[PDB]
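A, B, ... follow the sequence lines: proteins, then strands. Residue 1 opens every chain.
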There are 2 protein chains.
Amino acid sequence: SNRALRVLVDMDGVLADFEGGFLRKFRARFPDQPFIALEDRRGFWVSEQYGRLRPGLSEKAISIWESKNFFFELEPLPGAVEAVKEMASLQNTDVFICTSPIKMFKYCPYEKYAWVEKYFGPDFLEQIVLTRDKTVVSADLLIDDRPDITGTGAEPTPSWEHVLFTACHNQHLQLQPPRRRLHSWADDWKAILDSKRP
Amino acid sequence: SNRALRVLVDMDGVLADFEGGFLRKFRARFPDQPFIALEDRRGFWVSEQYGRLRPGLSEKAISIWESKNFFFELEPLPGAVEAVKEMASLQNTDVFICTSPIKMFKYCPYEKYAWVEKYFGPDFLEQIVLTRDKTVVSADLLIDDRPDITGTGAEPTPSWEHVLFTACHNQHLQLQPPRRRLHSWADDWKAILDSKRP
Ligand SMILES: [Cl-]
Ligand SMILES: [Cl-]
Ligand SMILES: [Mg+2]
Ligand SMILES: [Mg+2]
């Protein structure tokens, strides 16, 4: 609730299970192709790992998340909806969902709004920021599964502290101190927010 | 081209002729209803002025911009595309298009991306920021036709200076010094940018 601590919450990999949705739909569509089990995922870009696996598989992978209903049908991560609803109800706390669309824009922007409406309600649509460059969005915190966030972004010194949210693709990564992780929504996110308050 | 001066350029009323597109489609769809000529427009919210004109006309007005192809078919303002292309090519200048979607999200986000692709090309899609709250986007300048920009926004002290871009609905407004206007894209926008440079 609305100086408020401002928290940017990423969508794919934090609220929505992109990795699991992708794998399931990839195996269904391309049952004769090899795949990458989640525990074996390494690196942020799915299509790059698939492209190394077999020739043509980058393009096949892309075709999964370019398809209609891919984004809309993603399942929420455990605890994500509940945590963000609670976070948004806290005193002196403003929550925005900060998400980057894919390059093919026929479905993805629309479906992200629709997904937010479905899980958070119409009033939360006000809190969505769509951008490929999150460094130009000012906040105290950014909770996001992408390790390299600057990429490179236009703002060399973002205002936010990036808290890395654990995902299959980043779980083994050693971070440079003092970078921090949120391991799951079961982990103590309130303590992370409180550490940034006056 | 990519510390760079960062300029947020609004879409409706700055790049795209929302007011003229709206009026034309309103008169075509509702030929028996009264309308507001552009010179008589007052206040940012179109639907509010229409609602005062006749009962039910707010809802009719809304139905124009909720329709498919409304946003996509908007015409560029004179000089807008050319100016923003030139601006983006300047040394030490990063340009983002910063636009607020309407509440009904079936078409508007998609069509705004499609509009940018059509006039600026695929590579400029990277520069789009969609948000209802522009105060959380950091920059040196925001060129926008809306007079009241904070509304109220979550950031009480935005980083940008708001330069009011003239539109039919704001052309008579007296601003509190030191607020500034860009009267049209024919006006000297380079001088405004240069005033913010080191
Ligand atoms: Cl999923
Ligand atoms: Cl138009
Ligand atoms: Mg993510
Ligand atoms: Mg505008």
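When the side chains of ILVMFWY residues are joined at heavy-atom separations under 4.5 Å, either directly or via intervening members, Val163(B) and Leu15(B) end up in a single hydrophobic cluster. In this structure, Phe70(B) is a member of the same hydrophobic cluster as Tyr113(B), with clusters built from ILVMFWY side-chain heavy atoms closer than 4.5 Å.
Checking side-chain atoms of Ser138(A) against main-chain N and O of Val137(B) turns up no donor-acceptor pair under 3.5 Å.
Counting all heavy atoms, side chain and backbone alike, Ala154(B) lies closest to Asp94(A) at CB-OD2, 3.6 Å.
Contact annotation for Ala139(B): neither backbone nor side-chain heavy atoms come within less than 4.5 Å of a heavy atom of chain A.
Per-residue heavy-atom pair counts under 4.5 Å with chain A were compared for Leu130(B), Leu8(B), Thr131(B), and the maximum is reached by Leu130(B). Chain B forms the most heavy-atom pairs under 4.5 Å with one residue out of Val136(A), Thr135(A), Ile128(A), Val129(A), and that residue is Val136(A).
For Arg27(B), the CZ atom sits in a loose shell: 12 or fewer heavy atoms of surrounding residues, nucleotides or ligands are nearer than 6.0 Å. When the shell of 6.0 Å around CZ of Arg29(B) is examined, it contains more than 12 heavy atoms from other residues, nucleotides or ligands.
Between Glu126(A) and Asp133(B), the closest side-chain pair of non-hydrogen atoms is not below 4.5 Å. Annotation: side chain of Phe105(A) is not in contact with side chain of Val116(B) (no heavy-atom distance under 4.5 Å).
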>> Walk me through whether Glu155(A) and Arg6(B) qualify under side chain to side chain contact (heavy atoms under 4.5 Å, CB included).
In response: CA-CA 9 Å; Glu155(A) 178 48 62; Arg6(B) 193 181 314 139; 2.8 Å; yes
